[PDB]
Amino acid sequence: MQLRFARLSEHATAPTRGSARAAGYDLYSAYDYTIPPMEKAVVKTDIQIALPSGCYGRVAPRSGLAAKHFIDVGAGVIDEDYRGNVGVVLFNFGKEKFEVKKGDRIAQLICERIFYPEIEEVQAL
């Protein structure tokens, strides 16, 4: 099934995936942020998504931002039934401030397949 989304404001950008077999859709900041050194920011995308059945959506790092600028992505687990505004929690572990501009790609969204098991307690395994 498809990944669907809707744009919660005009500042949102539709996620894109250039390559057919790329693991994730690019997520774009809907706003300017300045993240000082050793600080975190929630970067809003102003999109809502409806994930396909049988996965969650992992908000995962973009490789170049980590290797060049020491940016990481925190949190990241979007439940299959989440319909709120997707926020990317960015961590700037670098020594200088990191600027996000509206329309910058700042993370990717991977549809990771998972089980939804029932849980059972036993005395010992």
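Sequential numbering from 1, following the sequence displayed. Here the rigid core means the biggest group of C-alpha atoms that line up within 1.5 Å when the two forms are laid on top of each other.
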query	finding
Outlying stretch relative to shown form, 13-21 versus 101-109 in 6 other deposited structures of this protein, C-alpha RMS (core)	13-21
101-109 versus 17-25 - greater average Cα B-factor per the deposited record	17-25
Mean C-alpha temperature factor, higher of 33-41 and 53-61	33-41
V89 CA temperature factor, ranked by third within the chain	lowest
Where the record places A67 (Cα B-factor, split into thirds across the chain)	highest
